[PDB]
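So this first bit is one chain, no partners, the form deposited in one PDB entry, shown in structure tokens.
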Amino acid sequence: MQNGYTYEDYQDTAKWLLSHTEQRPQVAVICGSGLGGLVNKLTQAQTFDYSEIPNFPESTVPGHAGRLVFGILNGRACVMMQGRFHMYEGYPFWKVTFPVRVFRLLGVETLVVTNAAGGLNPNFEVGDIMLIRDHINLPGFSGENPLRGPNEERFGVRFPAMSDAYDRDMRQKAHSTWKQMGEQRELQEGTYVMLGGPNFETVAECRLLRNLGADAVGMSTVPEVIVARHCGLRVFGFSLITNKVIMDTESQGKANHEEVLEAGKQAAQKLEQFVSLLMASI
């Protein structure tokens, strides 16, 4: 497999955006979970529907419509993705990660990724926020990788390292900010594992995922982090623990989509003020 986008494609899209807005973001945020409401706190916001931006992959976002929003959040200029793309919709990883490279060409230096995730770690409770310290890329093990194919030297090297993908200083700042918020629940931190989806895991799969050392499971984010790190973007991210995974055959029930949506709704306010405060420390 080879990326279908030439360097010029990215550049054209970037040039189109610059000629249609006066905003010049330094931070890019890919919203997941109940963070979709974060667009409501931007100043001087300007919205672009994914369908009107050349080369942008078609939208297929549930709940939060596919919009790219520019604006000032807590004194910082940023651009946000309201709705992202997932492999389970049929998109190749090179379409999924297309926005990350455009962000780089706009002058962006920092990327914040957020998502909803199932809790594998027995100590996580619904509503918990887990800073992503590391990740396990299952699709990557089989070759499914956004960097597969010839390397574009103008973006980065052939063999980029990922052991330092999640910025250390960012996670330090995140802990201080959380303390300053006077939260009773502590800020979690752990390993996120991505798998394809769209179906939810079985008990047997959840037990091995946990045995492999993962704390949370999800169907996104990893390909974006890989491409971001490839082109030199400082990356920071976190998962909203939307549900605890069923790990015993005496299943009290089963993970459902309404459950995760509710969680995203109930924690929205907490996630928004958190990301807003973090802007001041980037």
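Residues that one form lacks are left out of the comparison. Start at 1 and count along the sequence shown; that's the residue number. Between two forms, the rigid core is defined as the largest C-alpha subset superposing within 1.5 Å.
Same protein, other form: the form deposited in another entry, not shown, and the subject of what follows.
- Just one residue from the list 240, 227, 29, 35 crosses the 2 Å line for C-alpha shift between the shown form and the other one on a rigid core fit, and it is 35.
- For residue 263, a C-alpha deviation of 2 angstroms or more is recorded between the shown form and the other one after rigid-core alignment.
- Note: residue 260-residue 246 Cα separation is 3 Å or more longer in the other entry than here.
- In the other entry, the Cα positions of residue 210 and residue 264 lie at least 3 Å farther from each other than in the form displayed.
- Once the rigid core is aligned, the segments that move between the shown form and the other one, defined as three or more consecutive common residues whose C-alpha shifts all reach 2 Å, run 33-35, 259-264.
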